[PDB]
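Structure record follows, encoded as structure tokens.
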């Protein structure tokens, strides 16, 4: 039994048959090290091929996610990669913000002016981006109302754009403030003219649309108007990085707007002309803190050519499950091929079981000694749920995509100088 | 097998491989003892780093939760910590109430005057605190109604504030007493002017909003009006402590108001300027007795910088599950990194299993003697039956991080009544 | 293997490691026997500290629940305890009814006069007791209607009380017989004036309230009126005991009224001034036969100061699950710290599993002839409960106490009064 | 040697299985008994009911025939839900009653005959309008019961207690006309005043239109099932019907079974009385509102229910999983006659009901403690016809016993007219 020491937490064994291999952090760093310039995850160099297959970092609060994403971004920037960072409190901005970099925050004096009208190029872009502005509903019923919201939104905006008045204040006024008869009058000449009239059901549908827009649009209206386009930004090689920041006491109010930006990035990258040299990271702080994104799924599945790399954080399995629903949450999570398990709470035995199961089992041969020698085949978890619940901070399991063993690795708290103010209030 | 006895309830073993470690109460007290001034949980000093990661105390009635919370509050006060205490019957008030301390109870002569208007500073605070006044609905449909209630609430309140009459009596009158047409008229000029008019659905929505508000607002109206602000209180270093008390025969009536106050604390601490020295405790007596709090989750996840420490009590898993729903209840519980299991009823095998699972399993090597062989075995450190048969004033303490759990006895410290629990005013 | 024999039904063992301890009926009686005067559960003296933590008695029909509750009530009376007894057919009344005792039954000549109005003291009592009159809806939508029903009830009642006519006959007429417009007119001046008007939805809600009230109020109207107040009765030390009796062929008709009475007691004891000496028992014959009580949960958790002790009967887990819903039924059952299992049907393998799991497992060391083995097992298998002979029960008291299989003695009680009159 | 698995060296605990011979001797009693598959039924198990679970053609007819027979030889009375008047033809007597809207021998009846007190109107509207399958269907059933009782109370007042009139008013008369007929009744304003009230009344109408048709066609009269229950010399009741009419008559037959269920709860205690309720196929009736209470409170009255079931899913679909479980739990004695290989779930449920045992066994090359099913699911799926596992209430072992096909002479025409 000369295996599973300084790697495996269970009993050492004679021979490993099949399943998940677990190695020491040092040996994994040796296996994943590559010729080319790499990025690092918990000190471990990330396999180049694994980058575009995404990374999911699961762990409790204060277990080292900041340290991890912070190191991922730094090593990515050194390599000259570009990136969009969903940055709470502007922490990433304070430490990695350069002068050529962009900032999106309706309450930061340094923000660029924007409105979804700036992303419209073709006619098929109206629905495409109405999908970003109005994220998927939690329930089938709510997604029905949202559908009405999008029909009202794209047709109202399409017209405003035509009559030469593409303003969010005008759009918010029509879809939310104008009387029912005036809105219906304005809708005359658009594809929504008769769909929202003629019966009590059509009226109910319109009412649902109004309520949905009155919830999503407010922050789009207060957002400083300008000509910045995330699409164009994505096309500009010297555009720098984009920081989507916001104060934590404003999370609920800005959830729809920030979801909208994250989603605009998700569909937009699908339109980028093939470029083998492009590497763009999407740092979604806490995935379950955003609304139910319409384009995230396709971006995690068809972003390889555009060079999209997504890094998202997750805490409890139930969080995402509640936002996307069990089935879609499973589909979403399965779209990140690389996983990092930072350890959870003893009070969440279910998620610890989910992460333990994800890390995987192995089949092994062990010597069952007796004293007055027998070989036993045994299947066991490489990482027990309890080992996850008992992990000390700054300690993570790294399971890269493909045929790679996992490893328990410690996180180094690198210090970063604050090269920019996180938040600059003003008007 | 010279290891485990005196600590582990099962058969002693030769070697501990992995999983949850169980130690003696005494050895744990020695491991968690720290140089800095600490607070104690069931006599065990709580690791300083575990404090801002919250504590979940689970147990049946009369198992010693009072003794535990009482000791935790006492040792915290000795250290000079500030705290908000959801205090049923004013028990904590009578034992720890000082003269400079605050009391919130619509029926106590000592109460401070308050209305949610006192918490509004910026415009984004209207929705922020409407979320506190109208907690999350139990079902998706009920949350739909609650959403209408908040729209009506925040828009009617915003106007009343403008016309100089920010009174709850007025707000309650408009949203509940005024005729439909009069309300609609009053709403003219507000963002809700057209949302609640123009169709049967809009009228239905408005009706739902009225019903929701007629349910939540009553006690806000009866509450003695004044200038007290929980936000300002949180900012005042010499503000003392806050005791949210109430008579148990008025639990159902005050559930919405008390939930509002608890939630106000939860969002508000997210606006506090970073102060490494600040330590605020939120003692939520019985978490599942409050409504579905909208800000609890974020407060449990982003309150570290503000120095928030939450201590909540729970009994049956099904209780919180019914209030928040299985998914959100899981996420909520998972936010408390430290757990204390006080033992439940034999008539609740499911919760005993949940607590047993939470305490965790361990993998161990044991000698199976014969008339000698080594065997590897995985088992629960604490069986469900051990929890059901726990004697009162006995608890399992499992602190956050890499620490062993321990079965510890609770000492019934005696506290002198330094203040009357309830000052109703009637002869 | 010396340990086991005469206590544990499985194979005898060498050493007990952890879990549920099972002892002999006699050894349990010795352990629970105390100096103070006690009550008895299946012949076993109930620990004093366990009483206010409630007792749940689970078993099929004819397994001896009557014998058990009868003995409990008797030894409690001998001790001078007061009690409310949900009494099907007036059986407990005929055996234990005293002259100073109270009877609540719309169809018995000895009943006291009552209306929920007699329970109102403060303004917060209208909602408090509307919750007693209109129990929780089975489904979330039914509770929506029940909410409308309580709003209509408390507001129509609050007004009738103000204009001097607090009669259930008037209330029932307004909430159910008066026309929509007349009712709407009556509601003017009340907090429900605008809530039930102005839209189709408000009208739908009002219609729902009427239907809910036409189902719950019928029996409150036929109830002989009088001045009896359960709250006042709870405060009177010399009030005696309360017997809520009814004929079993009127179960469905009186379910709402009896549920209201049991609920009234449940919130009311929470208003009682702390009295360390008070000991009130609430005998709820069959918990799942009552409606979804709004205050039971709190009474089971906050009635310690008031000295409330609840004893409830239950059969199949599915019964309570269907009334409260699986989540609240679990919370409710989890509120009774002491359990008594009387043996179920073999056609109910789920409940026998539930009870078995509730009786618990133990981990033990046994000799296998010779070597030592560690084993986890159910102290009481589901089959053992299904095959329990009548008048045999497993008594598992709260706290750190072992369980025990005990036989119930069929004590004979003389009929001291007619069970039903008129 | 009676157990199907490997023989053991010591039975520790659980369900015991004995030979059919030993069980029959164990349950045999001095007092006259009734037999279940040739096994004398413990006198104390009788009022705790019997559930007979089995496939089609496995012996249910034989079993129920022998039980009804031995019960008759003892003087017992019984209400028998009798498909195709099979029981009637074999055991019918001149004094015996018959309820069948299409048989010339039927008695005259309308639920009006059961009303003696004001609390009976709701009591028997429950019988006439069985519980709805879903919560919403039970909502409509509720409206239909409010409408029924209020319209019937008025009709009886105005001296016209007619099912034809009732059916006309609740199903045929116009909306407004109905409304107007409802003034002066408790239903007066509940069904008027809004769109919800109308929608509700409309539902009530639909429900009644489904339940009442066969009550109207039923030959009217003065037969009262309550009075019959009270008359010691009333004989036995046979509720018969042709199988090609099961769906059409499900409402009526269900009503009669429910009427029996509530009505015995009103009977003055009589330790000498013994009444059997033979509910052929429990899941073939509608969801009975009173059945559960009859099974739980009919001891004093002397009620003994014998019900048949097949697949677990059948009752589950009628009463729902929760209520079905409660219902099956009310029957303390069980009989498993053999099922289909295609039904592994019910076979497992029956296997689980027969119980497990913990046994000590010699593993010849030491001891070994094993928990196992006394009767495996496969053993039930492979049972020959006329073979059954009998498991009586209380502490008694189960036994596999053979059903003997006795022949009964046709003493009466099963159907007439």
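Chains as they are written, first to last, in our numbering: chain A, 24 to 450; chain B, 553 to 979; chain V, 80 to 501; chain R, 70 to 486. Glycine included, C-beta positions come from ideal geometry on N, C-alpha and C.
For residue i, three-class secondary structure by DSSP
i: residue 150 of chain R; result: strand
i: residue 355 of chain A; result: helix
i: residue 81 of chain A; result: strand
i: residue 453 of chain V; result: strand
i: residue 473 of chain V; result: strand
i: residue 120 of chain V; result: strand
i: residue 295 of chain V; result: helix
i: residue 266 of chain V; result: coil
i: residue 762 of chain B; result: helix
i: residue 240 of chain V; result: helix
i: residue 418 of chain V; result: strand
Among the options, nearest to residue i - alpha-carbon criterion
i: residue 100 of chain A; options: A/438, A/302, A/374 and A/214; result: A/302
i: residue 214 of chain A; options: A/354, A/181, A/102 and A/72; result: A/181
i: residue 116 of chain R; options: R/477, R/443, R/387 and R/347; result: R/347
i: residue 935 of chain B; options: B/904, B/960 and B/648; result: B/904
i: residue 435 of chain V; options: V/388, V/122, V/82 and V/137; result: V/137
i: residue 731 of chain B; options: V/203, V/273, V/251 and V/259; result: V/273
i: residue 772 of chain B; options: B/818, B/659 and B/946; result: B/659
Beta-carbon gap between residue i and residue j smaller than 8 Å
i: residue 463 of chain R; j: residue 469 of chain V; result: yes
i: residue 683 of chain B; j: residue 847 of chain B; result: yes
i: residue 468 of chain R; j: residue 89 of chain R; result: yes
i: residue 105 of chain R; j: residue 119 of chain R; result: yes
i: residue 625 of chain B; j: residue 890 of chain B; result: no
i: residue 489 of chain V; j: residue 146 of chain V; result: yes
i: residue 583 of chain B; j: residue 591 of chain B; result: no
Residues near residue i by beta carbon distance below 7 Å, same chain, minus five either side
i: residue 398 of chain V; result: 367
i: residue 424 of chain R; result: 83, 84 and 443
i: residue 225 of chain R; result: 181
i: residue 45 of chain A; result: 30, 31, 405, 428, 429 and 430
i: residue 165 of chain V; result: 323, 337, 341, 362, 363 and 364
Other residues of its chain near residue i: CB distance less than 8 Å, five sequence neighbours each side excluded
i: residue 199 of chain A; result: 233, 236, 237 and 240
i: residue 781 of chain B; result: 666, 670 and 671
Sequence-distant residues of the same chain with beta carbon closer than 6 Å to residue i, five excluded per side
i: residue 209 of chain A; result: 197
i: residue 113 of chain A; result: 268, 445 and 446
i: residue 1002 of chain B; result: Since the first residue of chain B shown is 553 and the last is 979, residue 1002 of chain B is not available in this structure.
Assumed close pair residue i, residue j - CB separation to whole angstroms, cut-off 8 Å
i: residue 338 of chain A; j: residue 886 of chain B; result: 7 Å
i: residue 183 of chain V; j: residue 212 of chain V; result: Incorrect: roughly 14 Å between the Cβ atoms, too far for contact.
i: residue 143 of chain R; j: residue 305 of chain R; result: Not quite, the Cβ-Cβ distance comes to about 13 Å (not below 8 Å), so this is no contact.
i: residue 292 of chain A; j: residue 316 of chain A; result: At roughly 13 Å, the Cβ-Cβ gap does not stay under 8 Å, so residue 292 of chain A and residue 316 of chain A are not in contact.
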